[PDB]
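Quick notes on the structure that follows.
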Amino acid sequence: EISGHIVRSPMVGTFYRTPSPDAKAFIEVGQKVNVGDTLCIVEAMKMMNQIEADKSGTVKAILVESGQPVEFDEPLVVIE
Ligand SMILES: *C(=O)CCCC[C@@H]1SC[C@@H]2NC(=O)N[C@@H]21
């Protein structure tokens, strides 16, 4: 059985769950995202790699661990 969809970081940077401290937190666990919705930023050299969920579904968890540097092909967020 498939485990949904997993999003692996395309490059290296810095994962996160809550951008601008004065925000509403990005797509965290138990969250709902639809093809066309935001996801999160990578923060690679100040590029704001703000990804946008394009597979719809409900986030299951994160393996990259926000606040931690990102690496090529890193499960940023796994959707259910
Ligand atoms: C880049 O100019 C310096 C670091 C910027 C950090 C960014 S702002 C939105 C995210 N939230 C946070 O705490 N850090 C990320």
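Identifiers for the structure tokens are assigned positionally: chains receive A, B, ... in sequence, residues are indexed from 1 per chain, and ligands are indexed from 1 in the order shown.
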
Exercise. What lies within 9 Å of residue 28 of chain A using only C-alpha atoms, ignoring chain neighbours under 2 positions off, as a ChimeraX atom specification?
Worked result: /A:17-18,25-26,30-32,39,59-62,77

For this session: Could I get the residue neighbourhood of ligand 1 at 12 Å, counting only C-alpha atoms and all ligand atoms, as a VMD selection string?
Result: chain A and resid 13 to 26 40 to 50 66 to 69

For this session: Fewer than 4 positions away in the same chain doesn't count, so skip those; otherwise give me all residues within 10 Å of residue 56 of chain A, counting only C-alpha atoms, as an NGL selection string.
Result: :A and (5 or 32-37 or 52 or 79-80)

Exercise. How far is it from atom CA of residue 57 of chain A to atom CA of residue 12 of chain A, in Å with one decimal?
Worked result: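 Answer for the atom CA of residue 57 of chain A to atom CA of residue 12 of chain A separation: 24.9 Å.
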
Exercise. Just asking: which residues within segment 23-58 of chain A are strand (DSSP E) according to DSSP, as a list in words?
Worked result: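 Of segment 23-58 of chain A, the ones in strand (DSSP E) are residues 32, 33, 57 and 58 of chain A.
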
Exercise. Looking at only C-alpha atoms, which of A:29, A:72, A:38, A:78 is the one that sits closest to residue 54 of chain A?
Worked result: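 The closest residue to residue 54 of chain A is A:38.
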
Problem set entry | Two-atom distance - atom CA of residue 10 of chain A, atom CA of residue 74 of chain A (Å) | 7.5 Å
